[PDB]
Amino acid sequence: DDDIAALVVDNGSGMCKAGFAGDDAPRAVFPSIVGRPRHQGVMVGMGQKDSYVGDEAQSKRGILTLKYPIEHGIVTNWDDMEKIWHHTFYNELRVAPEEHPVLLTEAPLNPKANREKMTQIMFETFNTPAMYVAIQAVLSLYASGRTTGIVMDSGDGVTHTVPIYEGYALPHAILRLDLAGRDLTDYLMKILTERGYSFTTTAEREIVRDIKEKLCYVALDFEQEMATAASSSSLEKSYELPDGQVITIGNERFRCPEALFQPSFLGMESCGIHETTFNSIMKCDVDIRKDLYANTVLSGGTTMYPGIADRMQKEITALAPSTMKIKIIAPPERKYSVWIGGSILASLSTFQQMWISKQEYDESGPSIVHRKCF
Amino acid sequence: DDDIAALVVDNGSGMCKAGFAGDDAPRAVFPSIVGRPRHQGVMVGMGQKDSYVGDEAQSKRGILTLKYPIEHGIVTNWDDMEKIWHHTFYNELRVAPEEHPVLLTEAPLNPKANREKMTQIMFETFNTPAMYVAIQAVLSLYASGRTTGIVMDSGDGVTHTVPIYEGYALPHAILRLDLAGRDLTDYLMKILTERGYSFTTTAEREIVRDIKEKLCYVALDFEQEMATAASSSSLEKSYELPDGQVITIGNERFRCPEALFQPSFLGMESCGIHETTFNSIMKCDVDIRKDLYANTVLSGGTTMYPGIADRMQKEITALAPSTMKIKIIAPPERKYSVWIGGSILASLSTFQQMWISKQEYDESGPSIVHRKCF
Amino acid sequence: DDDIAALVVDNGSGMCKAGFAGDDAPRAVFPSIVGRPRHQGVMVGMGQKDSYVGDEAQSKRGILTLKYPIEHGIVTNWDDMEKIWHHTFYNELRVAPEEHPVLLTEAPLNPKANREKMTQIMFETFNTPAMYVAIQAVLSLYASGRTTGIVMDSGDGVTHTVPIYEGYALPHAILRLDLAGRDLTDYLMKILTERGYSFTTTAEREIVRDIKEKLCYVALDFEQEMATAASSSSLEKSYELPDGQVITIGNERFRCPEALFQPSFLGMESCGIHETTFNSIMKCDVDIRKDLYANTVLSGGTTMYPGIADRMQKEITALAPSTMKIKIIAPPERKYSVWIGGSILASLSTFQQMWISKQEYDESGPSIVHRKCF
Amino acid sequence: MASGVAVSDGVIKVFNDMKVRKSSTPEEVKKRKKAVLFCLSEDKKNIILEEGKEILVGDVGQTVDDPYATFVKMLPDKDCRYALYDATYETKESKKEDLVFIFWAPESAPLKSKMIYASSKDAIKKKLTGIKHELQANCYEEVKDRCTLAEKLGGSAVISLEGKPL
Amino acid sequence: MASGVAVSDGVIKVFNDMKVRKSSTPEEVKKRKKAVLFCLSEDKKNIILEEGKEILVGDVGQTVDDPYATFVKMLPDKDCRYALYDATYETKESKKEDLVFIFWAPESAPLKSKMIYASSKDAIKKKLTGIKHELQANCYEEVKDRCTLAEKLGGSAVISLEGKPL
């Protein structure tokens, strides 16, 4: 309150979030959707005001066309993006941007054209006194107190692999995978439907999100687990629906997370994501490979499914040559680790020296962001 | 007659059907409803025998509770399902199951637990010598003589989209839509009522079914058509009611089919079914998309409304990017195409080699059905 | 037709090719991949026949493990290699090996153990009447009609620097660089993705190959070019996708080739390939260095990008001490120059005298190949 | 359904002939089979080669300059047949040959014969051990057109399907 | 019916104040309006803000620790009024704020005033340009209860509506 609390806006494909410095997690989380007339608006009196940002738009999905301001970690349409920032400060955070400086997150290997322009909008469109751009993968490794290693980041909307050595990400070790958090929610509903439950409208899609944090589990061994499931017994697990019925989930408890590990269930011929992390290591320098195994960090969106840590150890051991130690770094606050890293180092006093200010932008121009980082 | 004519049982949400091999269409079609006491049975002397399967039960709907053995292409309650098979052989087909082997149809992406058990009931409950499980969408594409393509299947009870490449269905390109044939019949009655005709009892619901094949039409262009309708003129079309009155239908001729295309009239915010087929194509591999357009097949239940073929071409052209050829495959026997595909390849001689027999089930067990297909 | 047309098989890391004598280029070109079960085969009925060679296997990459018969110009696994020769004659060329003798290409400084064994397989496994082993770099210099010089060879899979004086390659002037043609295709897709286009599956990787010959360009000056690119204007260039969308490429037109010149974009600390050619010259005898500059030849796989010749002159001039003439030899048929050199001198009549025959191998044995060359 | 027919050894015998060419002298190079028609004999128990109907490469030199037209003439939508045809096309360097199986499955053909044919494609290619490329049309216009054969090729690098039509 | 009232500019003025907070120093953070009461003035031609009745966030620190109770006290079923209240609640990470319009439409309230109010909800939210979430009760028990405010939240992830009641 007063000095410059630091407003942090975290952007991704979906499930964006924001808060204040000194916090242990972000204050508010909202959906990333924008809607305007679709199918002529659905009948009787069309024209009105339509550009809805937030979860109010989710209900309105049938009558409004949704466009993604962010496609898999990048921004293609700026008009949609501006509405999100307006709505976040004025409606979601309910704090004036003018008193508090804003920090914006970025996807790894973010294109250069976008980087100069986002800075440009903050200074003239919202007149923000200070802002900074950070990488979600860098902060997560940073949070554990380790600068050398490889981080598998489960984003709220997109999953990126970004090995980090001395603050520098490896361009030749980074790959983009599109399954992260929101996509799994779609998937969970899809398999739930197969057993015998009715899902035909986008309105009830949101309901399975609640299901995801409470009921997503990872099995120690998938095939052995499948045999246990057929008999049922204690496998079935209770869940709460707003109406009152409880949808029982038995062998779906472990199978859902498995899609990341085993894409074949989806219908994809693509290699599993854990394997994908392994390819990055193979490409990496041989001498530091042993260090990388002891430097692995799990953070973000859907990594919080219980039993996931146990599964990761097993697959990596099978994938790895052998004869060596594999260690996984597990921070208690892994779900909020991406946001948490950004929040704390934004108000100390010596971070004042380092801020990119509005006044500086006016002088040098767009070129300034490239010049002061490292 | 004698060798093994092959009894084919076609199952769906409603309007199930069966016949013999060498036929060009199924011999008999019946409703899928089962009834037991409701509202204490309706007064004076309750207990009796009640479990009615067929259209005799339809009259009895008011005094018997109806349960659906099949819910949108799958079986949840086996007790109801057994009655249907008993009634079909002994009462509807009037042929002994013992001389003739039976073929059972299945919905696309049918759950594994059900697949082993249905096989189990045929071998022990009815002692059938031979049986086989087939997919309605696969046969329809197969019938046209084309193995590569996408089939939109209008089922008698449920509509499924199932693109097929080399006999294999695409798990990532299949979606479940609940409006197909029986539901439209309910809908047709519902809009008929709005104009000024009295429908208040389930007994006369069946009457509109007759109306559906004779009077359902699809307009070349819906909005232009609506303007023509207001003046009336030749739009009004005659129909026969058992009693003698004729219910005249004018602008309802094209509007009913439109509900599939334009769900908004129902009160649904959901995208039109033709559009839904398009989403499957978008998800599909880009290189084969042009081939898919020339490989499209229309088959089943309510696709036989005249003018439907003309409407499909228009919407697909608007939905598609442009600059390319769109071709629709139209088999004369499209209503019976699902059943027809199953009937012919069940008695040649080399289909003897391929049959799953009762004797084999006793040895391997439930596991056998998964093992011999492909 | 009849005397001994000479079948030439050109081997490399990928994109192998073959044809007949008297031709101006090879008749057929195919991918070098071999596949067998991966991830247990992907579900339902595994065992079958799997060992696919050609581009049919490319689609099947998700369900089959691919092994490289050739790793960067050499053969480690012979079992995969045999399938390629079987498939090339019987399925790709569609010509009987028995009537036509086969010529096999080799990478510069090919190990001795491999050289005796490849000869061994042709004589007993395929019973070929005649065969010969040639070097791709030697033929390219030879093609220009010049025996003294240095050739930078852009292979279809691997790039080798091989200065040649009097038919003899210089062992102390040859270095192996792994970026040539197939690798660039992977790279082009990788940077295309960064701008905002979706590539997540190996199936569409092949599509960018088409992009490579049509859209790869080299700029006269890279940094000046980058400034021009930001404004866009006429930089954006159209391309055809099988589906219908056109992916526009603007500043990527010149940047892709630049990776060979400037490895830093990849994330490599390694010196540029053009520079690598220069190191070979520095090591070489000082007196003949001026002759070498006038004897430089550009041939193979991806050297056919327009503007590449213009770029080479600039970098060599900057790298070279000065005060002297630099001349580049440019043969019209440079893409097919490697194959072309082998094709013509295989059927004249006096090349009959020089052939290594099956009959000779039986007498002397494996030792014969070392003895008759020079 | 899965695989309507099991194989009669006849198809393999003729296919094998095409695979090795079975030719040396100028006399039999022209007797090589550019295209062969396959059908299933009555009762549809067995799959064989039709003696009456076939296309020879020698024909282009001998008397007919458009083999891919004769095929169109001898393949009525009225009869449903299986066929193998050699691509024999030029792509701006020289010409090679792609083995393609041509499926003629007209919707309009007599239902009784056509229906077994349609259902038998998995079975017929089952013995084909996976085939490289395929062309399938249910009408004369698709079979007649040069472009459908060219589609397989890619179509942006082929100026002459037969050295003249494109 | 459709929209009983057209707007008098007063509601927008006070609403705008809440939207930007109109605060900087510690002195006015506590003078921010947690809740505001809106009603339609006599003749019901215009909709305005009631000067007499409002709730301040500063009150929790100043002297009253339960703003959501005072609101219950000053909202008799006897009078029908429109209100804006800030959620100010904790969900197991920290706390934010949801803008909610509170509709007080008691059935038992004097019919003459209440009837215009009931009919005016479309008109009142018409100027609200669609509002995020709303709470509506026609009796003291629903307004009094913690759970109704928590229902909006979801209720399975909220241990403390005001940091103590739940």
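Residues numbered from 1 in each chain as written, not as in the entry; some residues may be left out. Chains lettered and ligands numbered in written order. Part of a larger assembly, values for the part shown. Heavy atoms only, no water.

Per the deposited record, determination of this structure is attributed to cryo-EM, with the resolution reported as 9.0 Å.

J.: Honestly, the overall build of chain D in this entry has me stumped. Any pointers?
T.: When helices and strands are counted, chain D shows 8 helices and 7 strands. In terms of overall size, chain D behaves like a compact globule, its C-alpha atoms giving a radius of gyration of 16 Å where 166 residues would be expected to give roughly 15 Å. Expressed as a percentage of its 166 residues, the buried residues of chain D come to 52%. In chain D, the share of contacts with a sequence separation of at least 24, taken over all contacts with a separation of at least 6, comes to 63%. Total accessible area computed for chain D in this model is approximately 7700 Å², and 49% of it derives from carbon and sulfur atoms. Considering chain D, the positive charge centre built from 29 side chains and the negative charge centre built from 27 side chains are found 2 Å apart. (Helix = DSSP H or I, 4+ residues; strand = E, 2+ residues; numbered from the N terminus. Rg over C-alpha atoms; globule rule 2.2 N^0.38 Å. Buried < 20%, exposed > 50% of the residue type's maximum accessible area, 1.4 Å probe, protein only. Contact = heavy atoms within 4.5 Å. Areas by Shrake-Rupley, 256 points an atom, 1.4 Å probe, with all protein chains shown as cover. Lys, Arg positive; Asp, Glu negative; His and termini not counted. Charge placed at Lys NZ, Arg CZ, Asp CG, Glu CD.)

J.: I would appreciate a short explanation of the sheet that holds strand β12 (residues 151-154) of chain A in the present structure.
T.: Sheet strands associate in pairs through backbone hydrogen bonding, adopting either a parallel or an antiparallel arrangement. All names here are of chain A. Pairing is mixed across the open sheet formed by 5 strands, whose spatial order is β16-β13-β12-β17-β18. What marks the edges here is a single partner per strand, and that holds for β16 (175-177) and β18 (328-329). One ladder, built from 2 bridges, connects strand β17 (residues 296-299) with β18; its direction is parallel. Opposite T296, over in β18, you have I328 as the bridge partner. On top of the sheet, helix α4 (residues 136-143) reaches β12 and β17; it is set at about 120 degrees to β12, its chief contact. (Pairing = 2+ DSSP bridges. Axes fitted to C-alpha atoms, helices over the stretch in contact; angles between N-to-C directions.)

J.: Would you mind going over the domain arrangement of chain A with me for this structure?
T.: Interfaces are frequently sized by the accessible area removed from exposure as the parts join. All names here are of chain A. Each domain of chain A was delimited in the assignment, giving domain 1 (5-136 + 338-374), domain 2 (137-178 + 272-337) and domain 3 (179-271). Taken over C-alpha atoms, the centre of domain 1 sits 27 Å from the centre of domain 2. At the interface, 21 residues of domain 1 touch 17 residues of domain 2. Contact between domain 1 and domain 2 buries roughly 1700 Å² in total, counting both sides, with carbon and sulfur atoms accounting for 64%. Taken as a group, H72, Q136 and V338 account for 33% of the area that domain 1 buries against domain 2, more than any other trio of residues on that side. Across the contact surface, domain 1 and domain 2 share 1 salt bridge. Of all elements in the fold, only β10 (130-135) and α12 (337-344) reach the threshold of two or more residues within the side of domain 1 that touches domain 2. Here the element with the most residues in the side of domain 1 that touches domain 2 is α12; it accounts for 5 residues. Its residues placed into classes, the side of domain 1 that touches domain 2 shows 11 nonpolar, 7 polar and 3 charged. (Domains from an automatic or database assignment. Buried area = accessible area lost by both parts, 1.4 Å probe. Salt bridge = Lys/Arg side-chain N within 4 Å of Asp/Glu carboxyl O. Nonpolar A, V, L, I, M, F, W, Y, C, P; charged D, E, K, R; others polar.)

J.: I keep staring at the interface of chain D and chain B and nothing clicks. Help me out?
T.: Taken together, the 26 residues of chain D in the interface contact 29 residues of chain B. Summing both sides of the interface, chain D and chain B together bury roughly 2600 Å²; the carbon and sulfur share of this comes to 55%. Together, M1, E107 and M115 of chain D form the three largest contributors to the area buried by chain D at its contact with chain B, with a combined 30%. The tally of links between chain D and chain B comes to 2 salt bridges. Between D24 of chain B and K112 of chain D there is a salt bridge; the shortest N-O distance is 3.7 Å. Elements with a contribution of two residues or more to the side of chain D that touches chain B: α5 (111-119), α6 (121-126) and β7 (133-137) of chain D. It is α5 of chain D that provides the largest number of residues to the side of chain D that touches chain B, a total of 7 residues.

J.: Is there a simple way to explain helix α8 (residues 252-261) of chain C in this structure?
T.: Counting along an α-helix, one turn takes 3.6 residues, and residues three or four places apart therefore face a common direction. Of all 10 residues making up α8 of chain C, 8 are buried, and the element is well covered by its neighbours. Of the positions making up α8 of chain C, those classed as buried are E252, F254, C256, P257, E258, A259, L260 and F261 of chain C.

J.: What am I meant to see in the environment of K212 of chain C here?
T.: All names here are of chain C. In this fold, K212 is placed in helix α6 (residues 207-215). Sequence-wise, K212 and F30 are 182 residues apart; in three dimensions their C-alpha atoms are separated by 16 Å. Residue contacts for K212: discarding those within four places in its chain leaves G181, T185, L188, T302 and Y305.

J.: Explain the pattern of salt bridges to me, please; I cannot follow it from the model alone.
T.: Charged atoms that come close allow side chains of opposite charge to pair. All names here are of chain C. Within this structure, the stated rule accounts for 49 salt bridges over all chains. Among the salt bridges present, the one from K17 reaches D10, with a minimum N-O distance of 2.8 Å. The exposure class assigned to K17 is buried, which follows from its relative accessible area of 5%. Assessed through its relative accessible area of 3%, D10 is described here as buried. The residue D156 makes a salt bridge to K17 at a minimum N-O spacing of 2.9 Å. Of the two residues, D156 is situated in the loop between β12 (151-154) and β13 (159-161) and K17 in strand β2 (residues 16-19); the sequence distance between them amounts to 139 residues.

J.: Could you clarify how one ought to interpret the packing of helix α5 (residues 182-195) of chain A against helix α6 (residues 207-215) of chain A in this entry?
T.: Packed helices, taken two at a time, are described by their axes: the angle between them and the distance between them. All names here are of chain A. In the contact formed by α5 and α6, the axes pass within 9 Å of each other and the chain directions differ by 95 degrees. The pairing of α5 with α6 is recorded here as roughly perpendicular in orientation. Between α5, through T185, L188, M189 and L192, and α6, the contact on the second element is made entirely by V208, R209, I211 and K212. Residues of the contact of α5 with α6, tallied by class, amount to 5 nonpolar, 1 polar and 2 charged. (Parallel < 35°, antiparallel > 145°, perpendicular 65-115°, else oblique.)

J.: I would appreciate a short explanation of the side chain of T185 of chain A in the present structure.
T.: Residue position: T185 of chain A is located in helix α5. Contacts of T185 of chain A, omitting those with residues within four sequence positions, involve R205, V208, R209 and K212 of chain A.

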